[PDB]
Undergrad: 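Here you go, one structure.
A note on names: the letters A, B, ... follow the listed sequences, proteins ahead of strands, and every chain is numbered from 1. All values below come from the heavy atoms of this structure, side chains included, with hydrogens, waters and symmetry mates left out.
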Amino acid sequence: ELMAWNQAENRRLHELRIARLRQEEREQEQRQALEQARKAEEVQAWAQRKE
Amino acid sequence: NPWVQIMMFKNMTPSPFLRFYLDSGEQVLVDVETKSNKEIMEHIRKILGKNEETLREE
Amino acid sequence: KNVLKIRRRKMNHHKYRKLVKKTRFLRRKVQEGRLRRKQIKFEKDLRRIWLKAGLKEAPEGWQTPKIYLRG
Amino acid sequence: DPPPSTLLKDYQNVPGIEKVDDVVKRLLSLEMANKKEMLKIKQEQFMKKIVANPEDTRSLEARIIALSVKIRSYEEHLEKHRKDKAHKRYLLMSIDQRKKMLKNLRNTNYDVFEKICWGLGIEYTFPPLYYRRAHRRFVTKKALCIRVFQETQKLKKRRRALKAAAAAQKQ
Amino acid sequence: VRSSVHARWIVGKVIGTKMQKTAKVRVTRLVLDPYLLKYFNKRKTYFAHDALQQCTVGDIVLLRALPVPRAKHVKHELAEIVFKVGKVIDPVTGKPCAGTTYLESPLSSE
RNA sequence: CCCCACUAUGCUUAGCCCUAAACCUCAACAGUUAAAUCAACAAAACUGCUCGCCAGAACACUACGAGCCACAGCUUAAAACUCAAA
RNA sequence: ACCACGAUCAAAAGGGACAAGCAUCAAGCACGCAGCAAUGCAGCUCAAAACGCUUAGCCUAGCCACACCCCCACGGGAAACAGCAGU
Ligand SMILES: NC(=O)c1ccc[n+]([C@@H]2O[C@H](COP(=O)([O-])OP(=O)(O)OC[C@H]3O[C@@H](n4cnc5c(N)ncnc54)[C@H](O)[C@@H]3O)[C@@H](O)[C@H]2O)c1
Ligand SMILES: [K+]
Ligand SMILES: [K+]
Ligand SMILES: [K+]
Ligand SMILES: [Mg+2]
Ligand SMILES: [Mg+2]
Ligand SMILES: [Mg+2]
Ligand SMILES: [Mg+2]
Ligand SMILES: [Mg+2]
Ligand SMILES: [Mg+2]
Ligand SMILES: [Mg+2]
Ligand SMILES: [Mg+2]
Ligand SMILES: [Mg+2]
Ligand SMILES: [Mg+2]
Ligand SMILES: [Mg+2]
Ligand SMILES: [Mg+2]
Ligand SMILES: [Mg+2]
Ligand SMILES: [Mg+2]
Ligand SMILES: [Mg+2]
Ligand SMILES: [Mg+2]
Ligand SMILES: [Mg+2]
Ligand SMILES: [Mg+2]
């Protein structure tokens, strides 16, 4: 009974983990979207300077 | 519990967890991420600790 | 700080170097004798190894080198 | 090493670099640059060959590649400057730092550790268990102890045949 | 279930694989320093029978005691590889990881 | 000690030797300026963590052992006798 | 009493644990593994102190060790109070 209760506690914590990881991807995608934009401008500026 | 082997491992996985190995060969995984150290002690006491009755008798 | 502790060590070292210079021919004869006994003590250690292992003579083609000579 | 005609890493992706005068191509090649420009080309070749994301420079893989290029440049320097103690120190320290990196990569991502060793031609070695001088007395005695063991093994085999031969005669 | 071996279950780190079908395992235990009342690691070596020679230097293994020792120093057998060196599988999520970072996101399989 | 002369040596090359008051006598890393600021002097006082080292003076940068291209060398390094101080 | 498929007590054997000082004792020198065997592999211990020297009966409801010496005791040296009293 205690082992089954421990397995149910791990499953509960896993659903909270998945809910936490989804919110971190949406935030990671936003950051990764700005860095690519900034990195694209710095490349274009560097490419124009070399050209 | 002087005769129980306790071994620590650092930064091997993304999240912390405890694992107990029983004499029968069963393994008990305990996820401890987000829990406080007091909640961890109360958890392992409930699933694998001797109750106050068993200790009084001894 | 004064240099009285240095001065004690200074005289000790001066007298030691002078003693060694005065007896450098005796010490050279003593050092030679110690290196011989040192080589003999090393040869006995290797001989103890093959005798305790059951062999009657050194392994075929083995010659204990002189590991303490200047050469 | 890359050919001298290789363009610098900065002018390799500018539009129309293949239609400029030959003189302009020389002035933008490795032939007219210092050795450090050639090392940046070597580093780029290893990245595309090994790492999964050639643009990530902070990963443990990119660092091992970047340091491996520095190690090779120190070895080439010392081949000409054998009394340069300063760069001899930089070489030995860099080799130690790469071994520490490889140890950490082997423990965390073995699949990537194998591709690094193959790509860079690194033969990983485990450190010795003890650090102590092997002086003459020890080297000599250890050689004698190995000879004594080899001779005892031969005598133990010649004591099996004689016992086996005599046992067959009884029959 | 009985056994004449003292250490029934022990976890350790493989430190040697030069013997045939035998893995040399370093096992550490916490021992109380009586004067300082601080726990320090105390390590001991165990030879474990590895029939398939699947142990690699550096991986964490679980050893089970044999009914009787099979050799002078071989009293245990490899029961399970807990953490394969450089190829760890997070037990909490079941996904492969490299240190404290996932190699496959847990969100991949929901 | 002062004056003159001149040599080993200071230089180059190739090997050794492996020492210094090699001391800025102030170990590395991280942090603080508030509390009791703090024996004295020196270059204000502290916290966390780690490694190294120390336990009266002298004997002793010594003896012995061991290692070392070192053979009047270097490194490591005691004890007995002695004093009630240093 | 006798069998006790038992209990109690407790050898041999296997696993584990178990004094002090000296590291100026730093390497030990066969100390491992696999295999039914033949035989194969070259390993095993060690600065978290191996190997070695020196000191000491111990963890005291008591325990260990010894019992003239040669660790032992066929044999040998030799002729035995470390039982009580006694010299
Ligand atoms: N002796 C070793 O080769 C060795 C092996 C594993 C761990 N260690 C660790 O080294 C430290 C010093 O040990 P010690 O007090 O016995 O040495 P020590 O200074 O007394 O020297 C004894 C021997 O160990 C070597 N040694 C010294 N310092 C060492 C270090 N940091 N790492 C490796 N070898 C070293 C010496 O060269 C010498 O051969 C300790 O922390 C120890 O755990 C040493
Ligand atoms: K010094
Ligand atoms: K100074
Ligand atoms: K006896
Ligand atoms: Mg003055
Ligand atoms: Mg004097
Ligand atoms: Mg001259
Ligand atoms: Mg000049
Ligand atoms: Mg200076
Ligand atoms: Mg330091
Ligand atoms: Mg003193
Ligand atoms: Mg000196
Ligand atoms: Mg001296
Ligand atoms: Mg000497
Ligand atoms: Mg018994
Ligand atoms: Mg030491
Ligand atoms: Mg001595
Ligand atoms: Mg001992
Ligand atoms: Mg005695
Ligand atoms: Mg008597
Ligand atoms: Mg007897
Ligand atoms: Mg009597």
Undergrad: Looking at every strand, decide which applies to C:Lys38 at a 4.0 Å heavy-atom threshold: base, sugar-phosphate, or nothing.
TA: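 Counting heavy atoms under 4.0 Å across all strands, the contact made by C:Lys38 is with sugar-phosphate only.
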Undergrad: Considering only the P atoms, how many Å lie between F:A55 and F:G15, rounded to the nearest integer?
TA: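 After rounding to an integer number of Å, I get 43 Å for this pair.
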Undergrad: C:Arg34 near the nucleic acid: base, sugar-phosphate alone, or nothing, with a heavy-atom cut-off under 4.0 Å?
TA: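 Sugar-phosphate contact only.
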Undergrad: Could you check if F:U82 and F:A57 make a Watson-Crick or G-U wobble pair, where both distances must be under 3.5 Å?
TA: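 Taken together, F:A57 and F:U82 make a base pair (Watson-Crick or G-U wobble, both distances under 3.5 Å).
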Undergrad: Counting only Watson-Crick or G-U wobble pairs whose two distances fall under 3.5 Å, which nucleotide matches G:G40?
TA: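 Paired with G:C33.
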Undergrad: Can you tell me the Watson-Crick or wobble partner of G:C68, both distances under 3.5 angstrom?
TA: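 Pair assignment: G:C68 / G:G77.
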Undergrad: Send over the distance from D:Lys157 NZ to G:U39 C1', rounded to a whole Å.
TA: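 Interatomic distance, NZ of D:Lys157 to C1' of G:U39: 8 Å.
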Undergrad: Under 4.0 Å between a side-chain N/O of D:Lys83 and OP1 or OP2 of F:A14, yes or no?
TA: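 Checking F:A14 against D:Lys83, a side-chain N or O does come within under 4.0 Å of OP1 or OP2.
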Undergrad: Among side-chain atoms of E:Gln53 and E:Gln20, is any donor-acceptor pair under 3.5 angstrom?
TA: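 No, no side-chain donor-acceptor pair sits under 3.5 Å.
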Undergrad: Ring of E:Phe40, cation from E:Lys38 - is the NZ or CZ under 6.0 Å from the centre and inside 45° of the axis?
TA: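 So E:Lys38 does make the cation-pi contact.
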Undergrad: What contact category does D:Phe149 fall into here, base, sugar-phosphate, or nothing, at under 4.0 angstrom with non-hydrogen atoms?
TA: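 Base, at least one base atom sits under 4.0 Å.
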Undergrad: Which part of the nucleic acid, if any, lies within contact of D:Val148, taking any heavy atom under 4.0 Å across all strands shown: a base, the sugar-phosphate backbone alone, or nothing?
TA: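 Here D:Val148 touches no strand at all.
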Undergrad: How would you label the contact of E:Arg70 with the nucleic acid (heavy atoms, under 4.0 Å): base, sugar-phosphate, or nothing?
TA: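 Here E:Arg70 touches the backbone only, sparing every base.
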Undergrad: Under 4.0 Å, heavy atoms only, any strand: does C:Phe42 hit a base, just the sugar-phosphate, or nothing?
TA: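 Since no nucleic acid heavy atom lies under 4.0 Å of C:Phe42, the category is nothing.
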Undergrad: Does D:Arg160 put a side-chain nitrogen or oxygen below 4.0 Å from OP1 or OP2 of G:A38?
TA: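 No.
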Undergrad: Name the nucleic acid region contacted by E:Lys24, choosing base, sugar-phosphate or nothing; use a 4.0 angstrom heavy-atom cut-off, strictly under.
TA: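 The answer is sugar-phosphate, as E:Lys24 gets under 4.0 Å only of primed atoms, P, OP1 or OP2.
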Undergrad: Can you check the C:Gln39 CD to F:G65 P distance for me, whole Å?
TA: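 Answer to the nearest Å: 16 Å.
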Undergrad: Just to be sure I understand the rule, does C:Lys5 reach a base, reach only the sugar-phosphate, or reach nothing, if contact means heavy atoms closer than 4.0 Å?
TA: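 Answer is nothing: C:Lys5 stays at 4.0 Å or more from every strand.
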Undergrad: Would G:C81 be called syn or anti, given that syn covers angles within 90° of 0?
TA: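 For G:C81, whose glycosidic angle is more than 90° from 0, the conformation is anti.
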Undergrad: With a non-hydrogen cut-off below 4.0 angstrom, is E:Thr22 in contact with a base, only sugar-phosphate, or nothing?
TA: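 Since only primed, P, OP1 and OP2 atoms lie under 4.0 Å of E:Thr22, the category is sugar-phosphate.
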Undergrad: Can you confirm whether more than 12 heavy atoms, excluding those of D:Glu79, are under 6.0 Å from its CD atom?
TA: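 Check fails, neighbour count at 12 or below.
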Undergrad: Tell which nucleotide pairs with F:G73, taking only Watson-Crick or G-U wobble pairs whose two distances are both under 3.5 angstrom.
TA: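 Here F:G73 is engaged in a pair, and the nucleotide opposite it is F:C68.
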Undergrad: Strictly below 4.0 Å: does C:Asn12 bring a side-chain N or O up to OP1 or OP2 of F:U62?
TA: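 For F:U62, OP1/OP2 do not have a side-chain N/O of C:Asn12 under 4.0 Å.
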Undergrad: Would you call the rings of D:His77 and D:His81 parallel, tilted or perpendicular, where under 30° means parallel and over 60° means perpendicular?
TA: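 Correct class here is parallel.
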Undergrad: Can you find a side-chain donor-acceptor pair between C:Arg28 and C:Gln31 that sits under 3.5 Å?
TA: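 Short answer, no.
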Undergrad: So for E:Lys18 and G:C33, does any side-chain atom that can act as donor or acceptor lie under 3.5 Å from a complementary atom in the base?
TA: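 Per atom types, no contact qualifies.
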Undergrad: Classify the nucleic acid contact of C:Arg48 as base, sugar-phosphate or nothing, counting any heavy atom under 4.0 Å across all strands shown.
TA: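 Answer is sugar-phosphate: C:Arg48 comes under 4.0 Å of backbone atoms only.
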Undergrad: Please check this pair: side chain of A:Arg17 against backbone of E:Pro106, looking for a donor-acceptor N/O pair closer than 3.5 Å.
TA: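 Not confirmed, A:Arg17 side chain does not pair with E:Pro106 backbone.
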Undergrad: Using centres closer than 5.5 angstrom and planes tilted less than 30 degrees as the test, would you call F:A40 and F:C41 a stacked pair?
TA: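 Both cut-offs are satisfied, so the bases of these neighbours are stacked.
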Undergrad: Does the pair F:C11/F:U12 satisfy a centre-to-centre distance of less than 5.5 Å between six-membered base rings together with a plane angle of less than 30°?
TA: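 Base stacking between F:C11 and F:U12: present.
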Undergrad: Within the structure, does a side-chain N or O atom of E:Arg43 lie under 4.0 Å from either OP1 or OP2 of G:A48?
TA: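 Checking E:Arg43 against G:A48: no side-chain N or O falls below 4.0 Å of OP1 or OP2.
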Undergrad: May I ask you to evaluate whether D:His135 reaches the phosphate of G:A27, defined as a side-chain N or O under 4.0 Å from OP1 or OP2?
TA: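 So the side-chain polar atoms of D:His135 do come within 4.0 Å of the phosphate oxygens OP1 or OP2 of G:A27, strictly under.
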Undergrad: Take atom P in G:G28 and the same atom in G:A50, then report the distance between them in whole Å.
TA: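 Going atom to atom, P in each nucleotide, I get 14 Å.
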Undergrad: Has D:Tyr130 got a side-chain N or O lying under 4.0 Å from the OP1 or OP2 atom of G:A47?
TA: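 Looking at the OP1 and OP2 atoms of G:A47, one of them is under 4.0 Å from a side-chain N or O of D:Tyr130.
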Undergrad: Closer than 4.0 Å, any side-chain N/O of E:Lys75 to the OP1 or OP2 of G:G14?
TA: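 Negative; the distance criterion is not met.
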Undergrad: Just checking C:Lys21: base, sugar-phosphate only, or nothing, at a heavy-atom cut-off of under 4.0 Å?
TA: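 Base contact.
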Undergrad: Watson-Crick or G-U wobble, both distances under 3.5 Å: is that what F:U47 and F:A30 have going on?
TA: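 A pair, by the stated definition.
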Undergrad: Quick one: is G:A48 close enough that its OP1 or OP2 comes under 4.0 Å of any side-chain N or O from E:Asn41?
TA: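 No.
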Undergrad: Does the side chain of C:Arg36 come under 3.5 Å of the side chain of C:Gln39 through a donor N or O and an acceptor N or O?
TA: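 The criterion, which ignores hydrogens and geometry beyond distance, is not satisfied for C:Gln39 and C:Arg36.
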Undergrad: Tell me whether F:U13 is paired to F:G48 (Watson-Crick: purine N1 to pyrimidine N3 plus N6-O4 or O6-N4; or G-U wobble; cut-off 3.5 Å).
TA: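 Verdict: no pairing.
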Undergrad: Which nucleotide in the list G:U45, F:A21, G:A30 gets nearest to the side chain of E:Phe47?
TA: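 Closest nucleotide among those given: G:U45.
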Undergrad: For C:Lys52, report the nucleic acid contact type (base, sugar-phosphate, nothing); a contact means any heavy atom under 4.0 Å.
TA: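 Since no nucleic acid heavy atom lies under 4.0 Å of C:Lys52, the category is nothing.
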Undergrad: If you look at every strand shown and take non-hydrogen atoms under 4.0 Å, does C:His13 touch a base, only sugar-phosphate, or nothing?
TA: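 Base, at least one base heavy atom under 4.0 Å.
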Undergrad: OP1 or OP2 of G:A17 versus the side-chain N and O atoms of E:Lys44: is any pair under 4.0 Å?
TA: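 For G:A17, OP1/OP2 do have a side-chain N/O of E:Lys44 under 4.0 Å.
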Undergrad: Which whole number of Å gives the distance between the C1' atom of F:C26 and that of F:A44?
TA: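 My reading of the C1' atoms in F:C26 and F:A44 gives 14 Å.
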Undergrad: Checking all strands, does D:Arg132 fall into the base, sugar-phosphate, or nothing category for heavy-atom contacts under 4.0 angstrom?
TA: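 If one applies the 4.0 Å heavy-atom cut-off, D:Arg132 turns out to touch a base.
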Undergrad: How far does the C1' atom of G:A56 sit from the matching atom of G:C46, given to the nearest Å?
TA: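 Comparing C1' positions in G:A56 and G:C46 gives a spacing of 27 Å.
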Undergrad: Check for a donor-acceptor pair, side chain of D:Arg158 on one end and backbone N or O of D:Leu155 on the other, with a separation under 3.5 Å.
TA: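 No; zero donor-acceptor contacts below 3.5 Å.
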Undergrad: Less than 4.0 angstrom between a side-chain N/O of C:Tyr68 and OP1 or OP2 of F:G67, yes or no?
TA: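 For F:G67, OP1 or OP2 has a side-chain N or O of C:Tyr68 closer than 4.0 Å.
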Undergrad: Does a side-chain N or O of D:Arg136 approach OP1 or OP2 of F:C68 to a distance below 4.0 Å, or not?
TA: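 It does, given that an N or O in the side chain of D:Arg136 lies less than 4.0 Å from OP1 or OP2 of F:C68.
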Undergrad: Kindly state whether the bases of F:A42 and F:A43 qualify as stacked, with ring centres closer than 5.5 Å and planes tilted less than 30 degrees?
TA: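 Pair F:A42, F:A43 comes out not stacked.
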